[PDB]
file target-v6.pdb (PDB, N, CA and C atoms)
ATOM      1  N   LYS A   1     -46.848 395.465 111.183
ATOM      2  CA  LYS A   1     -45.824 394.444 111.330
ATOM      3  C   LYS A   1     -44.539 394.916 110.648
ATOM      4  N   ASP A   2     -43.429 394.338 111.084
ATOM      5  CA  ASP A   2     -42.133 394.696 110.533
ATOM      6  C   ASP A   2     -41.248 393.449 110.474
ATOM      7  N   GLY A   3     -40.446 393.381 109.421
ATOM      8  CA  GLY A   3     -39.594 392.225 109.203
ATOM      9  C   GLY A   3     -39.208 392.098 107.727
ATOM     10  N   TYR A   4     -38.848 390.881 107.346
ATOM     11  CA  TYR A   4     -38.492 390.606 105.964
ATOM     12  C   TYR A   4     -39.679 390.013 105.201
ATOM     13  N   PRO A   5     -40.118 390.760 104.151
ATOM     14  CA  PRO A   5     -41.112 390.240 103.226
ATOM     15  C   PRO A   5     -40.493 389.209 102.280
ATOM     16  N   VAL A   6     -41.170 388.076 102.168
ATOM     17  CA  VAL A   6     -40.747 387.040 101.240
ATOM     18  C   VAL A   6     -41.977 386.453 100.545
ATOM     19  N   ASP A   7     -41.891 386.375  99.224
ATOM     20  CA  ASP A   7     -42.958 385.783  98.437
ATOM     21  C   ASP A   7     -42.526 385.711  96.972
ATOM     22  N   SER A   8     -42.461 386.877  96.348
ATOM     23  CA  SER A   8     -42.174 386.951  94.925
ATOM     24  C   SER A   8     -40.672 386.786  94.686
ATOM     25  N   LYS A   9     -39.893 387.329  95.610
ATOM     26  CA  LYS A   9     -38.448 387.218  95.529
ATOM     27  C   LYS A   9     -38.021 385.819  95.977
ATOM     28  N   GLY A  10     -38.915 385.167  96.705
ATOM     29  CA  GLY A  10     -38.670 383.806  97.150
ATOM     30  C   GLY A  10     -37.903 383.792  98.475
ATOM     31  N   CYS A  11     -36.596 383.977  98.366
ATOM     32  CA  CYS A  11     -35.735 383.937  99.536
ATOM     33  C   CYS A  11     -35.031 385.290  99.661
ATOM     34  N   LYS A  12     -35.761 386.252 100.209
ATOM     35  CA  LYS A  12     -35.134 387.430 100.785
ATOM     36  C   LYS A  12     -34.539 388.285  99.666
ATOM     37  N   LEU A  13     -33.904 389.375 100.070
ATOM     38  CA  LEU A  13     -32.983 390.075  99.192
ATOM     39  C   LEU A  13     -31.769 390.540  99.997
ATOM     40  N   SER A  14     -30.596 390.302  99.429
ATOM     41  CA  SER A  14     -29.354 390.654 100.098
ATOM     42  C   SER A  14     -29.076 392.150  99.932
ATOM     43  N   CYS A  15     -29.769 392.941 100.738
ATOM     44  CA  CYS A  15     -29.578 394.381 100.718
ATOM     45  C   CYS A  15     -28.120 394.678 101.074
ATOM     46  N   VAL A  16     -27.573 395.684 100.408
ATOM     47  CA  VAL A  16     -26.191 396.069 100.634
ATOM     48  C   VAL A  16     -26.148 397.272 101.578
ATOM     49  N   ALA A  17     -27.296 397.921 101.710
ATOM     50  CA  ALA A  17     -27.352 399.218 102.361
ATOM     51  C   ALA A  17     -28.806 399.549 102.706
ATOM     52  N   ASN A  18     -28.963 400.486 103.629
ATOM     53  CA  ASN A  18     -30.277 400.791 104.169
ATOM     54  C   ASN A  18     -31.151 401.389 103.065
ATOM     55  N   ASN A  19     -30.532 402.240 102.260
ATOM     56  CA  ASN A  19     -31.237 402.879 101.161
ATOM     57  C   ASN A  19     -31.672 401.814 100.153
ATOM     58  N   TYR A  20     -30.830 400.801 100.009
ATOM     59  CA  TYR A  20     -31.066 399.767  99.016
ATOM     60  C   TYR A  20     -32.279 398.913  99.391
ATOM     61  N   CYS A  21     -32.515 398.816 100.691
ATOM     62  CA  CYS A  21     -33.726 398.182 101.186
ATOM     63  C   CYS A  21     -34.882 399.172 101.038
ATOM     64  N   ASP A  22     -34.684 400.353 101.606
ATOM     65  CA  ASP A  22     -35.800 401.228 101.923
ATOM     66  C   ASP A  22     -36.545 401.584 100.636
ATOM     67  N   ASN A  23     -35.770 401.868  99.600
ATOM     68  CA  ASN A  23     -36.338 402.301  98.335
ATOM     69  C   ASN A  23     -37.235 401.193  97.778
ATOM     70  N   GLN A  24     -36.870 399.961  98.104
ATOM     71  CA  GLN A  24     -37.580 398.807  97.578
ATOM     72  C   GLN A  24     -38.766 398.458  98.480
ATOM     73  N   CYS A  25     -38.614 398.783  99.755
ATOM     74  CA  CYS A  25     -39.644 398.475 100.733
ATOM     75  C   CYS A  25     -40.823 399.422 100.502
ATOM     76  N   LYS A  26     -40.516 400.711 100.513
ATOM     77  CA  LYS A  26     -41.530 401.719 100.777
ATOM     78  C   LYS A  26     -42.426 401.869  99.546
ATOM     79  N   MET A  27     -41.921 401.381  98.423
ATOM     80  CA  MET A  27     -42.572 401.618  97.145
ATOM     81  C   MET A  27     -43.893 400.853  97.053
ATOM     82  N   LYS A  28     -43.994 399.809  97.861
ATOM     83  CA  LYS A  28     -45.080 398.854  97.719
ATOM     84  C   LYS A  28     -45.238 398.070  99.023
ATOM     85  N   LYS A  29     -44.140 397.463  99.449
ATOM     86  CA  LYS A  29     -44.204 396.431 100.470
ATOM     87  C   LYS A  29     -44.707 397.045 101.779
ATOM     88  N   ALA A  30     -44.153 398.204 102.102
ATOM     89  CA  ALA A  30     -44.173 398.687 103.473
ATOM     90  C   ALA A  30     -44.210 400.216 103.470
ATOM     91  N   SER A  31     -44.154 400.780 104.668
ATOM     92  CA  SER A  31     -44.076 402.224 104.811
ATOM     93  C   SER A  31     -42.618 402.680 104.729
ATOM     94  N   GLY A  32     -41.729 401.795 105.157
ATOM     95  CA  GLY A  32     -40.303 402.038 105.013
ATOM     96  C   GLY A  32     -39.512 400.733 105.123
ATOM     97  N   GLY A  33     -38.217 400.881 105.361
ATOM     98  CA  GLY A  33     -37.377 399.737 105.669
ATOM     99  C   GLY A  33     -35.937 400.174 105.947
ATOM    100  N   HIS A  34     -35.169 399.248 106.503
ATOM    101  CA  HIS A  34     -33.723 399.389 106.523
ATOM    102  C   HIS A  34     -33.071 398.014 106.367
ATOM    103  N   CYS A  35     -31.749 398.025 106.291
ATOM    104  CA  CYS A  35     -31.009 396.828 105.932
ATOM    105  C   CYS A  35     -30.407 396.234 107.207
ATOM    106  N   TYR A  36     -30.994 395.128 107.641
ATOM    107  CA  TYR A  36     -30.541 394.466 108.853
ATOM    108  C   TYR A  36     -29.833 393.150 108.526
ATOM    109  N   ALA A  37     -28.595 393.049 108.989
ATOM    110  CA  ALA A  37     -27.825 391.831 108.808
ATOM    111  C   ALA A  37     -28.030 391.310 107.384
ATOM    112  N   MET A  38     -27.816 392.200 106.426
ATOM    113  CA  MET A  38     -27.888 391.822 105.025
ATOM    114  C   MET A  38     -29.230 391.164 104.702
ATOM    115  N   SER A  39     -30.288 391.759 105.234
ATOM    116  CA  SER A  39     -31.635 391.401 104.821
ATOM    117  C   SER A  39     -32.570 392.601 104.986
ATOM    118  N   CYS A  40     -33.398 392.809 103.974
ATOM    119  CA  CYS A  40     -34.179 394.031 103.885
ATOM    120  C   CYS A  40     -35.298 393.966 104.925
ATOM    121  N   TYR A  41     -35.032 394.567 106.075
ATOM    122  CA  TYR A  41     -36.033 394.657 107.123
ATOM    123  C   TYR A  41     -37.026 395.785 106.838
ATOM    124  N   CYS A  42     -38.142 395.408 106.231
ATOM    125  CA  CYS A  42     -39.133 396.386 105.813
ATOM    126  C   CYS A  42     -40.074 396.649 106.989
ATOM    127  N   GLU A  43     -40.636 397.849 106.999
ATOM    128  CA  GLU A  43     -41.216 398.394 108.214
ATOM    129  C   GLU A  43     -42.618 398.939 107.936
ATOM    130  N   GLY A  44     -43.585 398.397 108.661
ATOM    131  CA  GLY A  44     -44.963 398.835 108.521
ATOM    132  C   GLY A  44     -45.620 398.197 107.297
ATOM    133  N   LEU A  45     -45.833 396.892 107.393
ATOM    134  CA  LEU A  45     -46.525 396.168 106.340
ATOM    135  C   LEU A  45     -47.999 396.010 106.720
ATOM    136  N   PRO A  46     -48.838 395.762 105.679
ATOM    137  CA  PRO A  46     -50.173 395.232 105.902
ATOM    138  C   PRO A  46     -50.120 393.746 106.259
ATOM    139  N   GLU A  47     -51.140 393.307 106.983
ATOM    140  CA  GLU A  47     -51.055 392.053 107.712
ATOM    141  C   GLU A  47     -50.994 390.875 106.738
ATOM    142  N   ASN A  48     -51.469 391.125 105.527
ATOM    143  CA  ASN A  48     -51.542 390.079 104.520
ATOM    144  C   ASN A  48     -50.126 389.687 104.096
ATOM    145  N   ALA A  49     -49.230 390.662 104.164
ATOM    146  CA  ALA A  49     -47.847 390.435 103.783
ATOM    147  C   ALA A  49     -47.057 389.962 105.005
ATOM    148  N   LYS A  50     -47.086 388.655 105.220
ATOM    149  CA  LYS A  50     -46.397 388.067 106.356
ATOM    150  C   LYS A  50     -44.892 388.300 106.210
ATOM    151  N   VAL A  51     -44.224 388.374 107.352
ATOM    152  CA  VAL A  51     -42.793 388.625 107.366
ATOM    153  C   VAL A  51     -42.124 387.686 108.373
ATOM    154  N   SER A  52     -40.812 387.569 108.244
ATOM    155  CA  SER A  52     -40.005 386.983 109.300
ATOM    156  C   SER A  52     -39.274 388.083 110.072
ATOM    157  N   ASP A  53     -38.977 387.783 111.328
ATOM    158  CA  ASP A  53     -37.942 388.508 112.046
ATOM    159  C   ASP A  53     -37.012 387.509 112.737
ATOM    160  N   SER A  54     -36.885 386.343 112.119
ATOM    161  CA  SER A  54     -36.352 385.183 112.814
ATOM    162  C   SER A  54     -34.992 384.801 112.227
ATOM    163  N   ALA A  55     -34.186 385.821 111.972
ATOM    164  CA  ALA A  55     -32.761 385.617 111.775
ATOM    165  C   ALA A  55     -32.546 384.616 110.638
ATOM    166  N   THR A  56     -33.126 384.936 109.491
ATOM    167  CA  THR A  56     -32.823 384.210 108.269
ATOM    168  C   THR A  56     -33.193 382.734 108.421
ATOM    169  N   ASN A  57     -34.448 382.505 108.779
ATOM    170  CA  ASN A  57     -35.032 381.179 108.656
ATOM    171  C   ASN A  57     -35.338 380.897 107.184
ATOM    172  N   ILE A  58     -35.561 381.971 106.441
ATOM    173  CA  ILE A  58     -35.700 381.869 104.999
ATOM    174  C   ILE A  58     -34.311 381.843 104.358
ATOM    175  N   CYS A  59     -34.246 381.226 103.186
ATOM    176  CA  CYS A  59     -32.977 380.764 102.653
ATOM    177  C   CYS A  59     -32.307 381.930 101.924
ATOM    178  N   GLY A  60     -32.131 383.021 102.657
ATOM    179  CA  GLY A  60     -31.604 384.240 102.068
ATOM    180  C   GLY A  60     -30.158 384.047 101.607
TER     181      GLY A  60
END

call {"tool": "encode", "arguments": {"input": "target-v6.pdb", "output": "structure tokens"}}
result
Amino acid sequence: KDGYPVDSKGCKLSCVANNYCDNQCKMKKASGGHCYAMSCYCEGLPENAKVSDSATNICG
């Protein structure tokens, strides 16, 4: 799955840059990530870590 992980951060993270997401994604959350519309779109999660891809339905 791919999208924005939300749980511990609560409401998203306002990534400024792709690297700023990716470094945070790949370390734990996902296999990678990039910064989409100022939200860390993390890429390749385990299924337990639900994500959104629904254009900031979470209160980012």

call {"tool": "atom_distance", "arguments": {"input": "target-v6.pdb", "atom1": "atom N of residue 20 of chain A", "atom2": "atom N of residue 47 of chain A"}}
result
22.7 Å

call {"tool": "residues_around", "arguments": {"input": "target-v6.pdb", "residues": "residue 58 of chain A", "least_positions_apart": "3", "cutoff": "6.5 Å", "atoms": "all atoms listed in the file", "output": "JSON, numbers by chain"}}
result
{"A": [11, 12, 54, 55]}

call {"tool": "resolve_selection", "arguments": {"input": "target-v6.pdb", "expression": "the PyMOL selection byres (((chain A and resi 29 and name CA) around 9) and name CA)", "output": "list in words"}}
result
residues 5, 24, 25, 26, 27, 28, 30, 31, 32, 42, 43, 44, 45, 46 and 49 of chain A

call {"tool": "closest_residue", "arguments": {"input": "target-v6.pdb", "among": "A:15, A:6, A:59, A:51", "to": "residue 39 of chain A", "atoms": "only C-alpha atoms"}}
result
A:15

call {"tool": "atom_distance", "arguments": {"input": "target-v6.pdb", "atom1": "atom N of residue 18 of chain A", "atom2": "atom C of residue 57 of chain A"}}
result
20.9 Å

call {"tool": "select_by_dssp", "arguments": {"input": "target-v6.pdb", "residues": "chain A", "states": "strand (DSSP E)", "output": "PyMOL selection string"}}
result
chain A and resi 2-5+32-36+39-43+51-52

call {"tool": "axis_aligned_box", "arguments": {"input": "target-v6.pdb", "around": "segment 3-21 of chain A", "padding_each_side": "6 Å", "output": "lines of an AutoDock Vina configuration file"}}
result
center_x = -34.6
center_y = 393.3
center_z = 102.1
size_x = 28.8
size_y = 31.1
size_z = 26.7

call {"tool": "atom_distance", "arguments": {"input": "target-v6.pdb", "atom1": "atom C of residue 53 of chain A", "atom2": "atom CA of residue 36 of chain A"}}
result
10.3 Å

call {"tool": "residues_around", "arguments": {"input": "target-v6.pdb", "residues": "residue 19 of chain A", "least_positions_apart": "5", "cutoff": "7 Å", "atoms": "only N, CA and C atoms", "output": "ChimeraX atom specification"}}
result
/A:24,33-35

call {"tool": "residues_around", "arguments": {"input": "target-v6.pdb", "residues": "residue 50 of chain A", "least_positions_apart": "6", "cutoff": "9 Å", "atoms": "only C-alpha atoms", "output": "mmCIF file with N, CA and C atoms, keeping the file's coordinate frame"}}
result
data_model
loop_
_atom_site.group_PDB
_atom_site.id
_atom_site.type_symbol
_atom_site.label_atom_id
_atom_site.label_comp_id
_atom_site.auth_asym_id
_atom_site.auth_seq_id
_atom_site.Cartn_x
_atom_site.Cartn_y
_atom_site.Cartn_z
ATOM 1 N N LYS A 1 -46.848 395.465 111.183
ATOM 2 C CA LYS A 1 -45.824 394.444 111.330
ATOM 3 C C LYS A 1 -44.539 394.916 110.648
ATOM 4 N N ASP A 2 -43.429 394.338 111.084
ATOM 5 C CA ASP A 2 -42.133 394.696 110.533
ATOM 6 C C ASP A 2 -41.248 393.449 110.474
ATOM 7 N N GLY A 3 -40.446 393.381 109.421
ATOM 8 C CA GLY A 3 -39.594 392.225 109.203
ATOM 9 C C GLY A 3 -39.208 392.098 107.727
ATOM 10 N N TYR A 4 -38.848 390.881 107.346
ATOM 11 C CA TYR A 4 -38.492 390.606 105.964
ATOM 12 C C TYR A 4 -39.679 390.013 105.201
ATOM 13 N N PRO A 5 -40.118 390.760 104.151
ATOM 14 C CA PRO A 5 -41.112 390.240 103.226
ATOM 15 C C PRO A 5 -40.493 389.209 102.280
ATOM 16 N N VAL A 6 -41.170 388.076 102.168
ATOM 17 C CA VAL A 6 -40.747 387.040 101.240
ATOM 18 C C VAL A 6 -41.977 386.453 100.545
ATOM 19 N N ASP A 7 -41.891 386.375 99.224
ATOM 20 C CA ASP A 7 -42.958 385.783 98.437
ATOM 21 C C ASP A 7 -42.526 385.711 96.972
#

call {"tool": "build_atoms", "arguments": {"input": "target-v6.pdb", "residues": "segment 11-30 of chain A", "atoms": "N, CA, C and O atoms", "output": "mmCIF file, in the frame of the given file"}}
result
data_model
loop_
_atom_site.group_PDB
_atom_site.id
_atom_site.type_symbol
_atom_site.label_atom_id
_atom_site.label_comp_id
_atom_site.auth_asym_id
_atom_site.auth_seq_id
_atom_site.Cartn_x
_atom_site.Cartn_y
_atom_site.Cartn_z
ATOM 1 N N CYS A 11 -36.596 383.977 98.366
ATOM 2 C CA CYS A 11 -35.735 383.937 99.536
ATOM 3 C C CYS A 11 -35.031 385.290 99.661
ATOM 4 O O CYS A 11 -33.874 385.430 99.269
ATOM 5 N N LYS A 12 -35.761 386.252 100.209
ATOM 6 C CA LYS A 12 -35.134 387.430 100.785
ATOM 7 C C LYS A 12 -34.539 388.285 99.666
ATOM 8 O O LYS A 12 -34.664 387.949 98.489
ATOM 9 N N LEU A 13 -33.904 389.375 100.070
ATOM 10 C CA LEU A 13 -32.983 390.075 99.192
ATOM 11 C C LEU A 13 -31.769 390.540 99.997
ATOM 12 O O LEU A 13 -31.916 391.089 101.088
ATOM 13 N N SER A 14 -30.596 390.302 99.429
ATOM 14 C CA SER A 14 -29.354 390.654 100.098
ATOM 15 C C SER A 14 -29.076 392.150 99.932
ATOM 16 O O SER A 14 -28.263 392.544 99.099
ATOM 17 N N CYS A 15 -29.769 392.941 100.738
ATOM 18 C CA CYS A 15 -29.578 394.381 100.718
ATOM 19 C C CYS A 15 -28.120 394.678 101.074
ATOM 20 O O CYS A 15 -27.536 394.007 101.924
ATOM 21 N N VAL A 16 -27.573 395.684 100.408
ATOM 22 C CA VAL A 16 -26.191 396.069 100.634
ATOM 23 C C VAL A 16 -26.148 397.272 101.578
ATOM 24 O O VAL A 16 -25.104 397.580 102.150
ATOM 25 N N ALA A 17 -27.296 397.921 101.710
ATOM 26 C CA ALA A 17 -27.352 399.218 102.361
ATOM 27 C C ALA A 17 -28.806 399.549 102.706
ATOM 28 O O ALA A 17 -29.729 398.963 102.144
ATOM 29 N N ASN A 18 -28.963 400.486 103.629
ATOM 30 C CA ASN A 18 -30.277 400.791 104.169
ATOM 31 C C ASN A 18 -31.151 401.389 103.065
ATOM 32 O O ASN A 18 -32.337 401.076 102.969
ATOM 33 N N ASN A 19 -30.532 402.240 102.260
ATOM 34 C CA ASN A 19 -31.237 402.879 101.161
ATOM 35 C C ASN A 19 -31.672 401.814 100.153
ATOM 36 O O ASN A 19 -32.733 401.930 99.541
ATOM 37 N N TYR A 20 -30.830 400.801 100.009
ATOM 38 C CA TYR A 20 -31.066 399.767 99.016
ATOM 39 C C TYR A 20 -32.279 398.913 99.391
ATOM 40 O O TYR A 20 -32.958 398.376 98.517
ATOM 41 N N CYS A 21 -32.515 398.816 100.691
ATOM 42 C CA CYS A 21 -33.726 398.182 101.186
ATOM 43 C C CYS A 21 -34.882 399.172 101.038
ATOM 44 O O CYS A 21 -35.902 398.856 100.428
ATOM 45 N N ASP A 22 -34.684 400.353 101.606
ATOM 46 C CA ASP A 22 -35.800 401.228 101.923
ATOM 47 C C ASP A 22 -36.545 401.584 100.636
ATOM 48 O O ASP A 22 -37.775 401.593 100.608
ATOM 49 N N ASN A 23 -35.770 401.868 99.600
ATOM 50 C CA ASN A 23 -36.338 402.301 98.335
ATOM 51 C C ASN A 23 -37.235 401.193 97.778
ATOM 52 O O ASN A 23 -38.211 401.470 97.083
ATOM 53 N N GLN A 24 -36.870 399.961 98.104
ATOM 54 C CA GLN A 24 -37.580 398.807 97.578
ATOM 55 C C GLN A 24 -38.766 398.458 98.480
ATOM 56 O O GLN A 24 -39.767 397.916 98.013
ATOM 57 N N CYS A 25 -38.614 398.783 99.755
ATOM 58 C CA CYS A 25 -39.644 398.475 100.733
ATOM 59 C C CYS A 25 -40.823 399.422 100.502
ATOM 60 O O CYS A 25 -41.956 398.977 100.323
ATOM 61 N N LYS A 26 -40.516 400.711 100.513
ATOM 62 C CA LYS A 26 -41.530 401.719 100.777
ATOM 63 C C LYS A 26 -42.426 401.869 99.546
ATOM 64 O O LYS A 26 -43.527 402.409 99.638
ATOM 65 N N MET A 27 -41.921 401.381 98.423
ATOM 66 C CA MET A 27 -42.572 401.618 97.145
ATOM 67 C C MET A 27 -43.893 400.853 97.053
ATOM 68 O O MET A 27 -44.771 401.216 96.270
ATOM 69 N N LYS A 28 -43.994 399.809 97.861
ATOM 70 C CA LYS A 28 -45.080 398.854 97.719
ATOM 71 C C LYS A 28 -45.238 398.070 99.023
ATOM 72 O O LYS A 28 -46.324 398.034 99.602
ATOM 73 N N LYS A 29 -44.140 397.463 99.449
ATOM 74 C CA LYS A 29 -44.204 396.431 100.470
ATOM 75 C C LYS A 29 -44.707 397.045 101.779
ATOM 76 O O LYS A 29 -45.563 396.470 102.450
ATOM 77 N N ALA A 30 -44.153 398.204 102.102
ATOM 78 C CA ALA A 30 -44.173 398.687 103.473
ATOM 79 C C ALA A 30 -44.210 400.216 103.470
ATOM 80 O O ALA A 30 -44.287 400.837 102.411
#
